[PDB]
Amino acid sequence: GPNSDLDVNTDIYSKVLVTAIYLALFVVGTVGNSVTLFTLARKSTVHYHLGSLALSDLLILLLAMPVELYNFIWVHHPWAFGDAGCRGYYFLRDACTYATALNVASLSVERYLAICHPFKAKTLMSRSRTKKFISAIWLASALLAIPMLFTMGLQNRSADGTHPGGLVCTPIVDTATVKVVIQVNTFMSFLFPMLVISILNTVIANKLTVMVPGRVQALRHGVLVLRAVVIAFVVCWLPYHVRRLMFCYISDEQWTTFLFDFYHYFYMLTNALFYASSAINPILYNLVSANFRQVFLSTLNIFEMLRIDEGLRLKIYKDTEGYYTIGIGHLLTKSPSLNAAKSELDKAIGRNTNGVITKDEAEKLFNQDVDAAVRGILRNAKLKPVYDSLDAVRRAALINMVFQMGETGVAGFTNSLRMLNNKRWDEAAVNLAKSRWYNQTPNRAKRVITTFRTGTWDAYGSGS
């Protein structure tokens, strides 16, 4: 036959398996991302990025999966969508690919700022700049896909010069360009976003762990999700860009019937995983938020520690030393004047409180104070290297001290600090337990000392 070599040899099982899979991903991903859009619409800046991500993934399924399933899984030749179809389909495939790539990446950069740079995030961001940001990543996505309009194209590969059943869509340009094009795709669609996602997520994950049983269980799944997101990206997208690079980097000299046959099976695997990304993303990225169980499934360390040690009160009290305090250990003033406090409390939040506040207002204060303590530690020579060397749990204990006594108070524990720095847990504990601190607040200090000497939550059985 004149096209007989363009025949792809693959098990009919295999073709029936991948099809069943493909369509399974297709409903779950079309529904999930639709329902996601339906859910997000009826609801700071993450909600738009999640929606942008939802679209980009919905489009991968609707634009890429149908033609691939006809023309790449079953009927390999001929290409039944003409030359412009060939150019339009790889363009649109690539565009959505970049959109998802740039969305996932942006979404991580967005949550990096929210949690590690909340000052900027507040003043130097809004829902205007967000939509300016999102416009840019379809604008850019569409831009980056343009090469595909010129490198792809129809071609008659049949042994005879031209026979209608041997037309194929394929890179119809020299390998010096096609290798270059495919390695820009790989770099911008995978590596750049790999570095971004893998780094920032892990940085966010670590910071979030130190920040954060029932009341904070949401945030602890969020951490696991943050790490899951990276594994998900790698596994679903790495084989896809291997196959695209293998396509162009193996020379016609080295190609063999076996390799030819391998590739087309590898195609079934790689692309099935690729479509998985779009299907799971809506579920993975929306897990952390409340209403997950609800919305999709209808369609069928420092906070805890201080919450215990400082407690929570809504009226003004006098702390251990006798100073007017409110909420989660927020010292209002050292004055003995009960009015002077009320004045400073109204100033604090910005309204005539009369010495009483709401839980939201207490938790807003807390975060400002913890921010303050952590900046305190990171900006201090005597505290940064100690903190840097400690694990998530012991870091929190160091913050408990700074929250209680201040940055320059804790800098006074010159040797107890050195000992923690050098993992001499027992010696630190004994020397810490001989302090004025320990005398004033034995219960709290002993829990904090236990935390330093164990690295566990043994002290905080009362946590909720």
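Residues carry their position along the shown sequence, with the first being 1.
- The segment from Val212 to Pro213 is interrupted, since 10 or more residues of the deposited sequence in that interval carry no coordinates.
- Counting the unmodelled positions of the deposited sequence between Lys43 and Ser44 gives a gap of 4 to 9 residues.
- In this entry, 32-40 has the higher mean Cα B-factor, the comparison being between 392-400 and 32-40.
- Between 17-25 and 437-445, it is 17-25 that carries the larger average Cα temperature factor according to the deposited entry.
- Between the residues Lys122, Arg375, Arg307, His241, it is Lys122 that shows the highest Cα B-factor in the PDB record.
- Annotation for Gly222, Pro164, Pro385, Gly327: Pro164 ranks highest, by Cα B-factor.
- Compared with the other modelled residues of the chain, the Cα B-factor recorded for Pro66 ranks in the highest third.
- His49: CA B factor in the middle third of modelled residues in this chain (values from the PDB entry).
- Ranked within its chain, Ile204 lands in the lowest third, by CA B factor from the PDB record.
- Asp252: CA B factor lies in the lowest third for its chain, per the PDB record.
- Among the modelled residues of the chain, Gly311 sits in the lowest third by CA temperature factor in this PDB entry.
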